[PDB]
């Protein structure tokens, strides 16, 4: 199956998922000089005060912190969005080195990692139906650079020991995602896709301009995770990022 190795990595995905060469694939390089300020964009609204996290899972390609999305508790709205999108999970993509790891790039610059807060359009009833719609998901992307530690991320870093291998999960209640947000909500937005198979073209991407900083020790712990399951040969979970894809017929808009 698909992965990030030499024989099943991003350049191989198109064989099982033809949409990999589609018209609105993600991630993309964000050319800051070509992105245009869009005055029609409404302010972004991130309401995570009532967010209810439940568990953290190592799924073989990243670790997801999952939330209870059976009620409107943590929602994203505004910005380029019409309607309300509910937070279902967040995960990261990172590298083997601080010089790479992000999926989106800024003027070709690669960050050490990238956080994806995934939300689905409540008008479609559930995540499974939303991914079958062009405007089914809204994903907030946040870059990570190495420098000072991010206090709000430590709880995540500390539990990784308990989900080292694929298929392992652990209770992860009362985690506040507001602790992973940068100060400014200025962003770039464009229509795209999931960056992992099935690569469905159902995402309105909202990528924040301001990165958050995490410590060398924090990202170091990410790199100790495994792509493999327990009892299998150990392959470190690193470089689980898809590279930039052709922008094709799309315009990236800036909120600033």
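Residue numbers count along the first chain shown, from 1.
Stretches compared: 130-138, 167-175. Higher mean C-alpha B-factor in the entry: 167-175. The deposited model assigns a higher average Cα B-factor to 1-9 than to the other stretch when 245-253 and 1-9 are compared. In the deposited coordinates, the residue among 28, 51, 202, 214 with the greatest CA B-factor is 51.
In the PDB entry, the Cα temperature factor peaks, among 112, 76, 159, 118, at 159.
When the modelled residues of the chain are ordered by C-alpha B-factor, residue 220 sits in the highest third. Residue 148: CA B factor in the highest third of modelled residues in this chain (values from the PDB entry). Ranked within its chain, residue 55 lands in the middle third, by CA B factor from the PDB record. For residue 193, the recorded CA B-factor ranks within the lowest third of the chain. Only modelled residues enter the ranking. Remark: residue 83 belongs to the highest third of its chain, ranked by C-alpha B-factor as recorded.
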